[PDB]
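Read top to bottom, the protein sequences are chains A and B.
Its first residue numbered 2, the first sequence is counted upward by one per residue in the numbering used here.
Its first residue numbered 34, the second sequence is counted upward by one per residue in the numbering used here.
Even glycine gets a Cβ: it sits at the ideal position worked out from N, Cα and C.
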Amino acid sequence: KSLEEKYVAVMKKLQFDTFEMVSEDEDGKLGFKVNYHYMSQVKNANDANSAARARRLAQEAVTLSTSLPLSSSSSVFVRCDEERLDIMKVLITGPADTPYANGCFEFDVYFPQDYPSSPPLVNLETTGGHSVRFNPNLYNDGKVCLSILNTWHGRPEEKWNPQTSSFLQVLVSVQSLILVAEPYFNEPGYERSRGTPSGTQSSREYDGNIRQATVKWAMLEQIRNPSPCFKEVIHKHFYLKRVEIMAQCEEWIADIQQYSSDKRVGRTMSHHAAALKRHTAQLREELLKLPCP
Amino acid sequence: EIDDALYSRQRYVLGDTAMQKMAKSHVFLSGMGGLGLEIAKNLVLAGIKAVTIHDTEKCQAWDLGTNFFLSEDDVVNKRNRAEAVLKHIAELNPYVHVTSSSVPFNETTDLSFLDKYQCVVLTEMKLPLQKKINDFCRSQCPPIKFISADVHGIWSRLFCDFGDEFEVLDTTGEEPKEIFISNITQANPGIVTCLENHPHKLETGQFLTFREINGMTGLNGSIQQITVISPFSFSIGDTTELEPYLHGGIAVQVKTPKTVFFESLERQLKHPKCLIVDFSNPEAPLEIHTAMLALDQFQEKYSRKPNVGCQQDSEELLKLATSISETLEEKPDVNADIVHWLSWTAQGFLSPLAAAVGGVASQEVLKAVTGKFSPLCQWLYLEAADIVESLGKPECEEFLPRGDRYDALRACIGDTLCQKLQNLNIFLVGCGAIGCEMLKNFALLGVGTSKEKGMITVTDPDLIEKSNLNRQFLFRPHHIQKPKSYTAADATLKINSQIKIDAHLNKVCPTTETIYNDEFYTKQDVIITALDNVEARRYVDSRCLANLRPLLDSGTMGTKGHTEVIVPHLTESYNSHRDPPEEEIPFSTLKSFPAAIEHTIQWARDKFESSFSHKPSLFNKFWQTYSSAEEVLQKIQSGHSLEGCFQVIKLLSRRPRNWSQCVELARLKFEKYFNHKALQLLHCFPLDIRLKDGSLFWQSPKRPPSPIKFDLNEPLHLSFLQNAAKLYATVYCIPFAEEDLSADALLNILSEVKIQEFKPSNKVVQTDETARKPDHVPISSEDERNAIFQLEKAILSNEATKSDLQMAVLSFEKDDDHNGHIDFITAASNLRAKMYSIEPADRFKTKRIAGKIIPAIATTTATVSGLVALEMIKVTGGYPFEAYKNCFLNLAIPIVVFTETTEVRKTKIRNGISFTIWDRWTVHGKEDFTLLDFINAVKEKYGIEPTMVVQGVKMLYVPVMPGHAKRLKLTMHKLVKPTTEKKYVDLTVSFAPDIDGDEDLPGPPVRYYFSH
Ligand SMILES: O=P(O)(O)O[C@H]1[C@H](OP(=O)(O)O)[C@@H](OP(=O)(O)O)[C@H](OP(=O)(O)O)[C@@H](OP(=O)(O)O)[C@H]1OP(=O)(O)O
Ligand SMILES: Nc1ncnc2c1ncn2[C@@H]1O[C@H](COP(=O)(O)OP(=O)(O)OP(=O)(O)O)[C@@H](O)[C@H]1O
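So this is what it looks like as structure tokens:
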């Protein structure tokens, strides 16, 4: 039971830090040491930097370093270039009971010149070849749809505010709205399909697909091909979570087989179950191999 | 007929009726000092049909300093000024019949010859004959519009009198507003409620008509007067007798004529109707009136102006003013200082004020012959007393004449100030009409003529065009396509041979900053901006703020205009202004739900650009990245997800090869735009479709469209197809002749043409009224298989040569007629408007809106620019903050408002310390100098502790970063990663606030030098 407390204590040192992104010669020729979404826009940005932008970024960095969300269910990881500011990257752990349970999701975030006038650009890179539409708000390419980002439907009050809105609120909204136990119903018209066996059955299909995709990319590909930015952190996280990973994957195998009882959607559930079992065997090999980092 | 290519910008200001009135206009002007010449130039540029110029005096050497056409030869020959300047002014406008006259004017002179003219202007005239002429003109039927104006030193007078009644046809140049009605109640008076997102924007007593009202169908075509109830509601009279309201309805503004009454000149001397230009001193214009009348009395009594420094003359003028004020109704206290300064500067002539008042008088003349705008009623006075007020009590030797071409200005401002002006180094950016007339004013002022320092720098990348000839008066038709700056410079040497001027053909922007570096900025003294856009203004303002130099700016919009003054250590900057971002038409509104003419115009413009500029460029870029059709086929066979290859193949498979195929392509595009898309949208949303609440979907602002059947006999369809076929043949490089555009040939082609039928589809309509531009739908299997089949069939047809693989890209030409872009866009916009039951727009209005053409007139330019030059003198004099006056004007009212410029705001930082935009802290350093040393040096030098440092976009040190205390120990010459470009680097610092957790308070920019 002390696992949760040790989890909080250890990786709080690992929530907030900086890692080096930009590589240049003394002539300013821009290159990058890792994979990032907005390579071109870093070089194509205007260098008349507004002091308000930098001060807001510094204050937000202080606020994150002091108050990052942290729980083995849901957590937020902050890394930024050690030298530049607007380039940004996040890592998010999926809460329990969700098809994203205990997976991790790396993000690429950019800040425009006019910031805080406009919300920062956000995009998920854990989509795995950019083919998995993990959420109605998260398409295959990884586009992030939220009202606060002005990328999702909603009222202007729910949308961006240059003065009141903060990136920590954006991260909290991501955790509370995207990584949910009912992502199928997130799309408009599917919350209306709730209360019917057809809607619940389609939710079963979607959530099983999301489960197997998370096991494939967010765990297996995140440990076998980790980004160097969060490479050590993700390994420590999965080492501490290895037991619950086995319990969760066994529970998912049992539950996805319950959905497999259906004749046709249960066939898709059987395909997802086969993929889940394959990735579970692979992750079990990894957990057996993985020592304390 | 109106020369559109010459007059379009002025047309957008005045309207064709105004020019048609001026096609019959005859105007007489007498008195050819600087003021008369400026007024004549303005009127000739405007395009008055016939102008009769007049003077009875001969050219003095003194007159050379007040004229930009006369020469020393004219003075030598003692030629009369009128016919002397007649030669040059004839070049300004061939369409204007310019004549001359020299009949002496006196009490016995018969005035019957003036009957042919509609407006008569007098300058330098004695008051009793002004009164007699005013009596004569007002007794005529129709009365002759009377205007008198004079300039004496730093003072000016303007008066107008249009008879007992003057008709005004238009009270404002703005378009009649249209407001969408949300609800109207049945009451006495009925309460009209607009769509309350947008304000009422109207006033009580205004006049409206209504259309497309449902429920109260009796209000269709109803005509009511209004009374404002709220910023979102108003009443139009009884509606209780009407039927209940259901939906719809648009309130349309109705323009109503008016009549303004003018009094006789003599009776207007008492109880004068004065227009206030400074609401803080409304008493001043009456004092100016009294002082001017006293000066007139002195001139009448002694037949001469008061001499500078003549105490007896000043005392007599003060006595006369005191006596006259006692005969006035109000009897205000006579401003002895104003009288003293008038006596001091009586004999002088200050040219910029003369130009400004001349422009104002020219606009008053324009009003007098058209009724297009509400005129002045009746007196106007302008002052330059601020300049002399800062001089305290100088002595006459500064202002005494010395025999040069600047004695008139010397009598106004003093010799030392003239020397300061001659030593000025002035950098002017942009060479619009403002630039040309400013250079003319500088030539008149002798600015930048001294051998040692005085230099004028100008630059502009644009070339001269016919449309610019209307207001950029320096240029001529044979100067077309020549550089603006070079020709403008060449013309100015004629005005003044002593000028020292350099010209450049360079756009001013960060890429050209190397030429205009900070060393160039240091060599300058004042910077003048004549730009037409905001971003260049921002860039110039930032540069001059970084270089600590004064800046002046002016904007012109029709009759409206304004002036901006920026002085180091005294005022704000242009980059202080945060005017809101402009309107954005929603993507859904433009693509699917246009409610206004401008929406269809914008849609047509965007479609034209996409069809003929964007897509051909994309095709050429694709066939430059990829070289062989078989190569692309091999790529896509191996699963290459090439970008836009599907659309490229779709375009190539639709490439016409003869004129008939081009015409049929145009016809099918017509069908797609105007029947298929409308049918698809109506399939998604029938007329009776309703919202979730059951309310109407096709209700305000959603206007329901209607598909249109093609007919070649329709002129709109004929023009649209002709222009579309011409443009497509240009892009596809298919040659053709003008005979192919004949309706007979089009009919013959159309008889062969067959039209594909419409089909409904489930393409999702983006009804979201705040929707942004979406992304593309991914490539379906149909797309790639059709692409493969079509590229294979193109290879079979051998349509794979470089001519097939590249096309012509057409630019957006907006002024020429032969390109036909204007015709095509107007036709498309009219068709789309007709679809949504929206009134079609004419060619000229479409050209105005689509080209974003600013309606402009040279008179407003000269008016604002006289004030700009005046403020340039004050900037040269180094006067305190009080002297500088920001100003705004709207000649349509007319109205002028002087106001103090915005004071610089002291940015309090901590413990009573403060900084300003006119501040940039510096620190000299060394090779071993560290970041801790830098922080300690800043703390010691400015008494405040730094918290965090940033190099541009790049973080240098932040306390809450891991191990960044080591960065403090690191040396500048290594951590900064300096370039060899500078001896220094620029950076930003913030400082600790008093309250913990507050964002660190930003300070001024800080520059660290690498050496001492
Ligand atoms: O690409 P754009 O110039 O912005 O306009 C396109 C274009 O219409 P045009 O045929 O008039 O150029 C498309 O046609 P193609 O380029 O693919 O031939 C058409 O697509 P469809 O062929 O599927 O009709 C589409 O219409 P839509 O967005 O309704 O699919 C329409 O877009 P606009 O409505 O903005 O003109
Ligand atoms: N950054 C810049 N540097 C130099 N000149 C500039 C810059 N931006 C604009 N200009 C100049 O501003 C001038 C604007 O002049 P003006 O307002 O009289 O209209 P125009 O551009 O000549 O014509 P139009 O009536 O078609 O707009 C142009 O001649 C252009 O060369």
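8 angstroms contact criterion, which residue i and residue j should meet: CB distance rounded
i, j, result
"A:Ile-149", "A:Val-171", "5 angstroms"
"B:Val-598", "B:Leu-585", "6 angstroms"
"B:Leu-701", "B:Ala-827", "Contact doesn't hold; Cβ gap of about 19 angstroms is too wide."
"B:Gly-80", "B:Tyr-45", "Rounded, the Cβ-Cβ distance is 14 angstroms, inconsistent with contact."
"B:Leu-62", "B:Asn-100", "Not confirmed; about 15 angstroms, so no contact."
"B:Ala-476", "B:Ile-561", "Contact doesn't hold; Cβ gap of about 14 angstroms is too wide."
"B:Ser-1023", "A:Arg-85", "In fact, because the Cβ distance is near 18 angstroms, the residues do not count as touching under 8 angstroms."
CA-to-CA distance, residue j to residue i, given in whole angstroms
i, j, result
"B:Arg-865", "B:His-233", "28 angstroms"
"A:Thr-152", "A:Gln-42", "19 angstroms"
"B:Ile-321", "B:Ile-420", "16 angstroms"
"B:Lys-725", "B:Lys-796", "21 angstroms"
"B:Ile-855", "B:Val-842", "17 angstroms"
"A:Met-89", "A:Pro-157", "26 angstroms"
"A:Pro-198", "B:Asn-756", "59 angstroms"
"B:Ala-1025", "B:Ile-942", "9 angstroms"
"B:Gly-672", "A:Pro-137", "28 angstroms"
"B:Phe-822", "B:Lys-705", "23 angstroms"
"B:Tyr-439", "B:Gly-479", "7 angstroms"
"B:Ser-356", "B:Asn-314", "23 angstroms"
"B:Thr-834", "B:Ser-814", "27 angstroms"
"B:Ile-446", "B:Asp-574", "29 angstroms"
"B:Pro-161", "B:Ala-388", "26 angstroms"
"B:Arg-42", "B:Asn-501", "9 angstroms"
"A:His-273", "A:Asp-256", "12 angstroms"
Assigned exposure category for residue i - 16 Cβ within 10 Å defines buried
i, result
"B:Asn-944", "exposed"
"B:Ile-214", "buried"
"B:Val-184", "buried"
"B:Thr-237", "exposed"
"A:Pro-294", "exposed"
"A:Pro-189", "exposed"
"B:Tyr-335", "exposed"
"B:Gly-98", "buried"
"B:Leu-350", "buried"
"B:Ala-883", "buried"
"B:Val-136", "exposed"
"B:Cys-174", "exposed"
"B:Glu-198", "exposed"
"B:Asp-773", "buried"
"A:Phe-239", "buried"
Exercise for the section: Taking 8 angstroms as the threshold, find out whether the region 61-77 of chain A comes into contact with the region 23-30 of chain A through three or more Cβ pairs. Expected result: By the Cβ test, the region 61-77 of chain A is not in contact with the region 23-30 of chain A, since fewer than three Cβ pairs between them sit closer than 8 angstroms.
Problem - the region 401-417 of chain B in contact with the region 178-197 of chain B per 3-pair CB rule at 8 angstroms - result: Output reads yes: the region 178-197 of chain B touches the region 401-417 of chain B.
Exercise for the section: Inspect the CB distances between the region 8-19 of chain A and the region 234-245 of chain A and report whether three or more fall short of 8 angstroms. Expected result: Of all C-beta pairs linking the region 8-19 of chain A to the region 234-245 of chain A, three or more are shorter than 8 angstroms, placing the two stretches in contact.
Exercise for the section: Output the residues surrounding ligand 1, defined as those with a CB atom closer than 7 angstroms to any ligand heavy atom, in chain order. Expected result: Proximity to ligand 1 was defined by a C-beta distance below 7 angstroms to any of its heavy atoms, and the residues meeting it, in sequence along the chain, are B:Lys-624, B:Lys-640, B:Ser-643, B:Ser-644, B:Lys-648, B:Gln-680, B:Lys-683, B:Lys-702, B:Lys-705, B:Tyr-706, B:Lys-710 and B:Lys-796.
Exercise for the section: Check whether the region 648-656 of chain B touches the region 625-632 of chain B, taking contact to mean three or more Cβ pairs, one atom from each stretch, closer than 8 angstroms. Expected result: Counting Cβ pairs under 8 angstroms, fewer than three are found: no touch.
Practice task
Determine, using beta-carbon pairs with one atom in the region 45-55 of chain B and one in the region 363-379 of chain B, whether at least three such pairs fall under 8 angstroms.
Solution key: Contact between the region 45-55 of chain B and the region 363-379 of chain B is absent, because fewer than three Cβ pairs lie under 8 angstroms.
Exercise for the section: Mind the definition here: the region 218-225 of chain B touches the region 272-292 of chain B only if three or more C-beta pairs lie below 8 angstroms; say whether that holds. Expected result: Because the criterion of three Cβ pairs below 8 angstroms is met, the region 218-225 of chain B and the region 272-292 of chain B touch.
Exercise for the section: Would you be able to state if there are at least three C-beta pairs under 8 angstroms between the region 490-497 of chain B and the region 533-546 of chain B? Expected result: Yes: the two stretches touch, three or more of their Cβ pairs being nearer than 8 angstroms.
Exercise for the section: Could you tell me whether the region 605-616 of chain B touches the region 974-994 of chain B, using the rule of 3 or more Cβ pairs below 8 angstroms? Expected result: Because the criterion of three Cβ pairs below 8 angstroms is not met, the region 605-616 of chain B and the region 974-994 of chain B do not touch.
Handout entry: At least 3 beta-carbon pairs within less than 8 angstroms: the region 997-1006 of chain B vs the region 964-974 of chain B
Key = Contact between the region 997-1006 of chain B and the region 964-974 of chain B is present: 3 or more CB-CB pairs across the two stretches fall below 8 angstroms.
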